[PDB]
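One chain is shown next in structure tokens, namely the form deposited in one PDB entry.
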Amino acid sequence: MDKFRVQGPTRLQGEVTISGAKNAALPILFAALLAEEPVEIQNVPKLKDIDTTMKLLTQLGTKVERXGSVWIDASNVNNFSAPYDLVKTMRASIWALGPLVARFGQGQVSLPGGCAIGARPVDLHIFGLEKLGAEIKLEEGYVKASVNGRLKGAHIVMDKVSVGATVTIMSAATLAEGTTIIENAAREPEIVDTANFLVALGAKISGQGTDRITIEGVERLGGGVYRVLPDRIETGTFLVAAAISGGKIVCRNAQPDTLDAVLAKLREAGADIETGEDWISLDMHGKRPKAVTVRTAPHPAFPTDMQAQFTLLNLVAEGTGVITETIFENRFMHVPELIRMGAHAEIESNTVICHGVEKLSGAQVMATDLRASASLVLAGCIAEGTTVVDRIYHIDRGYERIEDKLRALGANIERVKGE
């Protein structure tokens, strides 16, 4: 069972190259099923889910290869079903459904349970496709969608905002006949990215990033080259790594515009920040951070995916600061772990009251959440002595070799086993 052994304290400084966003890479990989011509997907990170998607794509009949890029050739997709064995560990699998039915007239995806108690709803995906003219076939454990010819543009009002469902509906609509309007569409940068990918292929889409996305069906999607946007959360994690260690860092391959709220928040903490078209710099000038007040909210507001990171920040900052989760509940499970590290905080309802401390103390810690997990490792970096973060597979799934990046930054870290 992989573990991170960290020896601190150590100042995190230097440069880091941001990886492509897993959350944009995925929906884009599935959208490539619509491409009649070969496509080159640049800036794709090396992660478990990517591997799973590649296998899935191959299983469908698409030619797939990779490195920094992922070359795809969906000119001849012969198989129309995503089997249980290939979708079993990946919810994103549902993304195969839309492209299949829209381009080929039929698609089937396997669902572990669906009907199983606690299974994750895909109703939005199913119903959205239905609105598009697809005939739906439902049986416990699977979903089938089909249509005689082209799908049909429809006016779809989403009662529940869904990143996943927005991708499915938007993707399929690019090939339907007529215009499709998605009300209450997810706003995420990852949605704008997927949309941009589609447009790069010849699709007609506007409103991406707003509450209303308008899609005009076209004949076909071609091929070409597309560069997946930078990982916004990863960038945030590195920025904080420097902000909590009195360090200075430059993030290469970044996209400043996807981090407005995070950047302003960092400035509030006293950080000296600079941005270019593809870069972001943070400088603490050897200074301890200032405590800040944070309210997580829907994009473009402060991202809930940055919470754990900012909590850490407050925990070693000068003064007291409160962090409030306005939408999601139970996002403080990791806090007790930090307190075991000498941190001072109180969890009250949907908030955590932070009381900054000088130095943290190494300890054996663990968190199931990738962000919280990564915050633990960062804590290990600036804490006194040895810190051992257990079950880092969580981090491995969303971070492209964080160990190597941290090390280049001046971190004393090793990947170790201990069972």
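In this text, residue numbers run from 1 along the sequence as written. What we label the rigid core is the largest C-alpha set whose atoms superpose within 1.5 Å from one form to the other.
This next part talks about the form deposited in another entry, which is not shown.
Item to check | Shifted position (C-alpha, 2 Å or more, core held fixed) between this form and the one not shown, chosen from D278, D260, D272, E135 | outcome: None of the others reach 2 Å, which leaves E135.
Next on the checklist: So, superposing on the core, is the move of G342 at the CA at least 2 angstroms between this form and the one not shown?
Outcome noted: After core superposition, the displacement of the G342 C-alpha between this form and the one not shown stays below 2 Å, so no.
Item to check | Core-aligned C-alpha movement of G246 between this form and the one not shown reaching 2 Å | outcome: No: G246 shifts by under 2 Å between this form and the one not shown.
Next on the checklist: Quick check on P300: with the core superposed, does its CA move 2 angstroms or more between this form and the one not shown?
Outcome noted: No, the C-alpha moves less than 2 Å.
Next on the checklist: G398 and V122: their C-alpha distance differs by 3 angstroms or more in that other deposited form. Do they come closer or move farther apart compared with the shown form?
Outcome noted: Between the C-alphas of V122 and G398, the gap widens in that other deposited form (3 Å or more compared with this form).
Next on the checklist: Closer or farther: the C-alpha atoms of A116 and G398 in that other deposited form, versus the form shown, with a change of 3 angstroms or more?
Outcome noted: They are closer; the C-alpha distance drops by 3 Å or more in that other deposited form.
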